[PDB]
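Each chain gets a letter, A, B and so on, in the order the sequences are listed, and its residues count up from 1. Side chains are part of it too, since the values below use all heavy atoms of this structure and drop only hydrogens, waters and symmetry mates.
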Amino acid sequence: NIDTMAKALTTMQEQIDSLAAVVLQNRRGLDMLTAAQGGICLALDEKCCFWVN
Amino acid sequence: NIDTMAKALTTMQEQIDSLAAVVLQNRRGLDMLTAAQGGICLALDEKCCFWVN
Amino acid sequence: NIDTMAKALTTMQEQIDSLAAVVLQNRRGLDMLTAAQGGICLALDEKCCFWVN
Ligand SMILES: [Cl-]
């Protein structure tokens, strides 16, 4: 019996971790699609954004 | 601060849902771009990541 | 061993920021891939989803 406001924190962490999974997969999807351009980061000529878990 | 923590949770929750919308849309975009390959997950040859709730 | 909550909020916020960066970059990637169609949103014939302010 704890979790007073941390119940919203736990649900959010679940959402974040899950969303990250989708985002990273989307990133792999984009890097796959833009392999000819060296990946999506290179294709966009921008610094690469990574997950930090 | 307590009230600050509540506000932080509130905004972050709103940020999560907003981001999730962009992510899901990006996912639909990727699925469209790889529809012929069965979607981005099948194209990626990976277990698909979903974001529900 | 005290106040993990307040700290968790900051950690989560940065996680969201980090993720948003990837998501936005992915969106730019998708818009680039569908530039001829006016971006992924228009390519998907959907209302564009955006990140918070
Ligand atoms: Cl994404």
- Please walk me through it: do B/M32 and C/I40 pass side-chain contact (heavy atoms from CB on, under 4.5 Å)? CA-CA 9 Å; B/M32 173 185 82; C/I40 199 62; 4.0 Å; yes

- In Å, rounded to the nearest 0.5 Å, how long is the span from CG of A/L9 to CG of C/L9? 5.5 Å

- Task: Look only at the side chain of B/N26 and the backbone of A/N26, and say whether a donor-acceptor pair between them is shorter than 3.5 Å.
- Result: no

- Criterion side-chain contact (heavy atoms from CB on, under 4.5 Å) on B/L30 and A/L33, from CA distance to verdict: CA-CA 9 Å; B/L30 285 165; A/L33 290 172; 3.6 Å; yes

- Query: Are any non-hydrogen side-chain atoms of C/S18 and A/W51 less than 4.5 angstrom apart?
  - Reply: yes

- Does any non-hydrogen side-chain atom of A/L44 lie less than 4.5 Å from one of A/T34? no

- Message: List the residues meeting side-chain hydrogen bond (donor to acceptor under 3.5 Å, both in side chains) with A/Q13, not counting sequence neighbours, and say none if there are none.
- Response: A/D17, C/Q15

- Message: I'd like to know if B/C48 pairs up with B/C41 as a disulfide, counting it only when the SG to SG distance is below 2.5 Å.
- Response: yes

- Test C/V52 against B/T11 for side-chain contact (heavy atoms from CB on, under 4.5 Å), laying out the working first. CA-CA 9 Å; C/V52 296; B/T11 175; over 6 Å; no

- Query: How far apart are the closest heavy atoms of C/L19 and A/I16, and which atoms are they?
  - Reply: CD2-O, 4.0 Å

- Task: State, to 0.1 Å, how close A/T10 and A/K7 come at their nearest heavy-atom pair, and which atoms those are.
- Result: OG1-O, 2.7 Å

- Task: Among residues two or more places apart or on two chains, list those pairs meeting salt bridge (charged side-chain N to carboxylate O under 4.0 Å, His left out) that have a residue in residues 25-49 of chain C.
- Result: A/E46-C/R28, B/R28-C/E46

- Query: In terms of hydrophobic clustering (I, L, V, M, F, W, Y; side-chain heavy atoms under 4.5 Å; direct or indirect links), are C/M12 and C/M5 co-clustered?
  - Reply: yes

